[PDB]
Amino acid sequence: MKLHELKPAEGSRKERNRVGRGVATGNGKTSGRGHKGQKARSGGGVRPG
Amino acid sequence: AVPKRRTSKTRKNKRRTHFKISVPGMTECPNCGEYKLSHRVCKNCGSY
Amino acid sequence: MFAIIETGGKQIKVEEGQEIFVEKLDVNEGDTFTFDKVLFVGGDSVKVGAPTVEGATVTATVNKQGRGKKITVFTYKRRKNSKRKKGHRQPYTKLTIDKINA
Amino acid sequence: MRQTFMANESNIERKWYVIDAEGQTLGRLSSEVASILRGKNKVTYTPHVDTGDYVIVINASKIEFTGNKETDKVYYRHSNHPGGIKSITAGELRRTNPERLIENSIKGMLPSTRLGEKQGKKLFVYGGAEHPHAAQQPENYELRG
Amino acid sequence: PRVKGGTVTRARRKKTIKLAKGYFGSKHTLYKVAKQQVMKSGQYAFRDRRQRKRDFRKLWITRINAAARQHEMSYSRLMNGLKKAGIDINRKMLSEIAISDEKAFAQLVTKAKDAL
Amino acid sequence: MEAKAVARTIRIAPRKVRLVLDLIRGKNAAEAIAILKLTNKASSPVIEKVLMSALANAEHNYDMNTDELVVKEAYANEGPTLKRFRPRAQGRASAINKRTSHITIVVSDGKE
RNA sequence: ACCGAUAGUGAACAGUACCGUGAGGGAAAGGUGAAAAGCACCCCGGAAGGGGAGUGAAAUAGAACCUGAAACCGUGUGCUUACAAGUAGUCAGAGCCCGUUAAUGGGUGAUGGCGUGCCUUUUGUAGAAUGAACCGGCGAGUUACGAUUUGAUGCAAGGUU
RNA sequence: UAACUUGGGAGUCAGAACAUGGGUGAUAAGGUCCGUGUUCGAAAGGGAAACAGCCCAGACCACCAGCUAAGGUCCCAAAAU
RNA sequence: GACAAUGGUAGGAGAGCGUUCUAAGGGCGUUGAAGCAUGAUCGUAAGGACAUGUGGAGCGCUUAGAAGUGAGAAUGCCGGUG
Ligand SMILES: [Mg+2]
Ligand SMILES: [Mg+2]
Ligand SMILES: [Mg+2]
Ligand SMILES: [Mg+2]
Ligand SMILES: [Mg+2]
Ligand SMILES: [Mg+2]
Ligand SMILES: [Mg+2]
Ligand SMILES: [Mg+2]
Ligand SMILES: [Mg+2]
Ligand SMILES: [Mg+2]
Ligand SMILES: [Mg+2]
Ligand SMILES: [Mg+2]
Ligand SMILES: [Mg+2]
Ligand SMILES: [Mg+2]
Ligand SMILES: [Mg+2]
Ligand SMILES: [Mg+2]
Ligand SMILES: [Mg+2]
Ligand SMILES: [Mg+2]
Ligand SMILES: [Mg+2]
Ligand SMILES: [Mg+2]
Ligand SMILES: [Mg+2]
Ligand SMILES: [Mg+2]
Ligand SMILES: [Mg+2]
Ligand SMILES: [Mg+2]
Ligand SMILES: [Mg+2]
Ligand SMILES: [Mg+2]
Ligand SMILES: [Mg+2]
Ligand SMILES: [Mg+2]
Ligand SMILES: [Mg+2]
Ligand SMILES: [Mg+2]
Ligand SMILES: [Mg+2]
Ligand SMILES: [Mg+2]
Ligand SMILES: [Mg+2]
Ligand SMILES: [Mg+2]
Ligand SMILES: [Mg+2]
Ligand SMILES: [Mg+2]
Ligand SMILES: [Mg+2]
Ligand SMILES: [Mg+2]
Ligand SMILES: [Mg+2]
Ligand SMILES: [Mg+2]
Ligand SMILES: [Mg+2]
Ligand SMILES: [Mg+2]
Ligand SMILES: [Mg+2]
Ligand SMILES: [Mg+2]
Ligand SMILES: [Mg+2]
Ligand SMILES: [Mg+2]
Ligand SMILES: [Mg+2]
Ligand SMILES: [Mg+2]
Ligand SMILES: [Mg+2]
Ligand SMILES: [Mg+2]
Ligand SMILES: [Mg+2]
Ligand SMILES: [Mg+2]
Ligand SMILES: [Mg+2]
Ligand SMILES: [Mg+2]
Ligand SMILES: [Mg+2]
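Residues numbered from 1 in each chain as written, not as in the entry; some residues may be left out. Chains lettered and ligands numbered in written order. Part of a larger assembly, values for the part shown. Heavy atoms only, no water. Residues with missing side-chain atoms left out of burial classes, pairs and counts.

Header annotation of the entry names cryo-EM as the structure determination method and lists the resolution as 2.65 Å.

Okay, structure coming up:
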């Protein structure tokens, strides 16, 4: 190839999900968490088992 | 005791339509000089 | 002198010499289009077609395949984080009626 | 927005009619007249300008009622003072100021807009068979009953 | 690397301010209140493009009903008998004939009137 | 032509100077001097000092006839404020604005 | 494949002004021009400020000195308004002015129809439930190490440091 | 025209009115507790004067084109004095 | 070419617009860059060009990579203004 024309193999890359940036992305306000309770707090959730 | 809303620019400007000032009397000093005030004495810049 | 034709899904009232604005036909510029459904002819002699005058074409010449002015479609729901926005330009054709029949 | 006639000033013609009110019931006279003043019998009716024309009612003291609604059917009124409710019966208004009996019935059938107020000023009502408006040359008009 | 939020925020806010010319007073200068009005005026326009097809159909019928009663016909019995005669002309076209050519309108009244 | 003169950073507040300034615009210069000597506002000898300066520029820099001149424009713009404080009661202070003004009048003979 | 003056050291000019009896806490504040050539001289004015003139490529580059947004304050104007009940617009529509990235153009708007803001929390809010005076800047799912599942690639009873 | 199995990723555990079958209560409550359906929630549009839950009916976008539903046809206000 | 589908909150999936920086290639600029202002322009959306005024020295495009990557609300912090 050349250093100004290179392309990766097809299906190797995806852009990652940024969460919490406005309404139309689908993960805008509550950022996937749902509304309240212990699982919606930072560092929340409970230990496995 | 305190205003519930701000007052807009139009309502402020409609309020001070009478907040004006008037022109004075302005007679003349007939003998020698510029204009004086009416029923007054032309002392300075005046001979009446 | 006076005709009512049927084009698109709607009806137009024409006189020979004027310009009309119709939903998009499939002709080219400078071509001659002929209209086939005529519902009523007035003027000096009156013909009333039921539904059609059975004859009575209208010829016209074609100018300016075009697109309309852009409108913006916008809606939103009130407390719910949802809205959409999109544009639209509707196509049209311009024609000039030049000759009438009966 | 192809092609639809819209009326205008320098475009409309207003004329003058005369209705006589004897032997007519109050509401059935008034519903006929209020469509004249709006112009809903013109073929060139347009909702945002004042087409429609002038009406004169000349007898107005021979308006009939049906039933017992000349001793009933009171008309109320409030003066925006405490306890200032006032009233008069319908038979009372007939013998005393009958012109205001008819013109209140007709203006209640007109819309309350700016144009609806201006259309209601084209009504002229008189008790007894004479009217001053001979200069405007009005016509007779029979009610399509 | 640090990216500072330069020049992209004005450009977004100005074309909302510019999209609100002619609005009263504070609603054409301040961004938070002009945005909130431009959302409202887009919602109104969607609603009113649908009612415009209702308003004009109501205006056409009113004029046909006035023109038919000069020939002792209702609106109802005109367009009943006009259907049985086989005529398929609009309300819009039928309203324009009655204004322009009264003599032609009186002729299709008779073809509807004898079809009953 | 036109002559002008400005006076920058005048300590009087701009609302107070625009009252007397509205009496003199549109009038010819001989009346405007007579008005400013007879209104007893505090702004009046400051405007009158400025209108003298603009008349003297028309005679010297431009060689106009001072007998027939008219005041085209007269206006006052804001300058920078001085921010002071005042102690009120129970340990609390309040802010006080010392306003300033830029005064501009132009004068012309009405011809080209 | 670190920041570029609300950043980056608290500090590009300071552990100073300042606060505190004291241990102690703790800021704000960069940019004329290539060169100072930094406005001789005249005029108004008590001065401050200014108009000319002159320097300079440029002085709406004059020291409060690069560029100079918005809120906000004003001066002129083309169209409109003193019988009218309002979430301020929107759709229709005369009349009056103008003439574009030249296209079924632009500004204003007599009159008519329709129409109870935004976010958050809620069974449910125009809501007399919460929050926001306005403008501007800053301001919130990251990284390291392990695990597990997808996709891609190489080799294959071998693969890999 | 769906169903089922395996695996990755969730949110939900405050519900409301209407009709109907029943307890409780006073054959009281826009009451409270269970069952069966619809709608709201998360659904605009037309009607019910106005009115989340009632009747009709499920909005990809233009159109100054037509047929109908529930409800309606003296004027306000479209259609039969 | 026909046929069908396309309201939507918690929420799952997919495609994309823009910002700063780096590599490579290829370009623009004192015959006026970036920024600022105005405009009756183009695109399905986020958004992209052109002209004219100000301004007085740096900046786009293509492909790929990497992130302090997008604000209207937190009795948010700091400054200006009412
Ligand atoms: Mg994605
Ligand atoms: Mg969602
Ligand atoms: Mg939000
Ligand atoms: Mg989740
Ligand atoms: Mg929350
Ligand atoms: Mg909960
Ligand atoms: Mg939860
Ligand atoms: Mg914590
Ligand atoms: Mg004023
Ligand atoms: Mg940087
Ligand atoms: Mg920001
Ligand atoms: Mg319809
Ligand atoms: Mg002083
Ligand atoms: Mg004290
Ligand atoms: Mg610092
Ligand atoms: Mg800076
Ligand atoms: Mg000390
Ligand atoms: Mg600091
Ligand atoms: Mg000096
Ligand atoms: Mg400049
Ligand atoms: Mg400054
Ligand atoms: Mg420089
Ligand atoms: Mg500057
Ligand atoms: Mg008036
Ligand atoms: Mg209304
Ligand atoms: Mg509650
Ligand atoms: Mg509130
Ligand atoms: Mg209130
Ligand atoms: Mg508050
Ligand atoms: Mg803010
Ligand atoms: Mg793997
Ligand atoms: Mg493999
Ligand atoms: Mg449970
Ligand atoms: Mg429960
Ligand atoms: Mg209950
Ligand atoms: Mg009950
Ligand atoms: Mg149940
Ligand atoms: Mg909920
Ligand atoms: Mg459903
Ligand atoms: Mg509904
Ligand atoms: Mg309704
Ligand atoms: Mg009811
Ligand atoms: Mg609703
Ligand atoms: Mg029908
Ligand atoms: Mg029926
Ligand atoms: Mg009404
Ligand atoms: Mg009717
Ligand atoms: Mg659908
Ligand atoms: Mg959908
Ligand atoms: Mg996802
Ligand atoms: Mg230039
Ligand atoms: Mg840059
Ligand atoms: Mg340089
Ligand atoms: Mg950020
Ligand atoms: Mg805030």
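Picking up after the structure, the text goes on.
Right, let's talk about the interface of chain C and chain E for a bit. At the junction of the two partners, chain C supplies 19 residues and chain E supplies 21 residues. Of the roughly 1700 Å² buried where chain C meets chain E, counting both sides, 66% is carbon and sulfur surface. Interface area lost by chain C to chain E is led by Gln11, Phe74 and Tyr76 of chain C, which between them contribute 32%. Run the count over chain C and chain E and you get zero salt bridges. Summed over the shared surface of chain C and chain E, the number is three residue pairs in polar contact. The set of elements that each furnish at least two residues to the side of chain C that touches chain E consists of β2 (10-14), β5 (38-41) and β8 (71-76) of chain C. Here the side of chain C that touches chain E gets six residues from one element, more than from any other, and that element is β8 of chain C. (Contact = heavy atoms within 4.5 Å. Buried area = accessible area lost by both parts, 1.4 Å probe. Salt bridge = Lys/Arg side-chain N within 4 Å of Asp/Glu carboxyl O. Polar contact = N/O pair within 3.5 Å; in protein donor to acceptor, adjacent residues only side chain to side chain. Helix = DSSP H or I, 4+ residues; strand = E, 2+ residues; numbered from the N terminus.)

All names here are of chain E. Packing of helix α2 (residues 31-68) against helix α4 (residues 92-100) leaves a shortest axis separation of 9 Å and a crossing angle of 45°. Put simply, α2 runs oblique to α4. The hand of the α2/α4 crossing is left-handed. From α2, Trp60, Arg63, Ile64 and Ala67 reach across to α4, where they touch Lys92, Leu94, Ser95, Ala98 and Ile99. Taken together, the residues that form the contact of α2 with α4 break down as six nonpolar, one polar and two charged. (Axes fitted to C-alpha atoms, helices over the stretch in contact; angles between N-to-C directions. Parallel < 35°, antiparallel > 145°, perpendicular 65-115°, else oblique. Left-handed = near helix turned anticlockwise from the far one by under 90°. Nonpolar A, V, L, I, M, F, W, Y, C, P; charged D, E, K, R; others polar.)

Before going further, it helps to examine the protein's contact with RNA strand I. Around RNA strand I lies a shell of 38 residues, among which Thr30 of chain A, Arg67 of chain C, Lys14 and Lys35 of chain E together with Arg99 of chain F are the nearest. Within the side chain of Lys70 of chain C, a nitrogen or oxygen atom sits 3.0 Å from a base nitrogen of RNA strand I. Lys83 of chain F has a polar side-chain atom sitting 3.1 Å from a phosphate oxygen of RNA strand I. At six residues, the largest contribution of residues to the surface near RNA strand I is made by helix α1 (residues 8-17) of chain E. (Near = heavy atom within 4 Å.)

Let's shift gears to the layout of surface pockets. Approximately 1600 Å³ is the volume attributed to the largest pocket. Lining the largest pocket are 35 residues, with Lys10 of chain C, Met1 and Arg2 of chain D together with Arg52 and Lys53 of chain E positioned closest to its centre. Breaking the lining of the largest pocket down by element, the ones donating at least two residues are β2, β3 (19-22), β8 and β10 (91-99) of chain C together with α2 of chain E. With nine residues, the single largest contributor to the lining of the largest pocket is α2 of chain E. Classifying every residue of the lining of the largest pocket by side-chain character gives 13 nonpolar, 10 polar and 12 charged. Its volume calculated, the second largest pocket comes out at about 920 Å³. What lines the second largest pocket is a set of 19 residues, and nearest its centre among them are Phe74 and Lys85 of chain C together with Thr16, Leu19 and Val38 of chain E. Elements with a contribution of two residues or more to the lining of the second largest pocket: β8 and β9 (83-88) of chain C together with α1 and α2 of chain E. It is α2 of chain E that provides the largest number of residues to the lining of the second largest pocket, a total of nine residues. Among the residues forming the lining of the second largest pocket, the class breakdown is seven nonpolar, five polar and seven charged. (1 Å grid on protein atoms, 1.4 Å probe; cavity = no way out; pocket = protein on both sides within 12 Å on 5 of 7 lines; lining within 4 Å. Points joined across faces, edges and corners; volume = space filled by probe spheres on them.)

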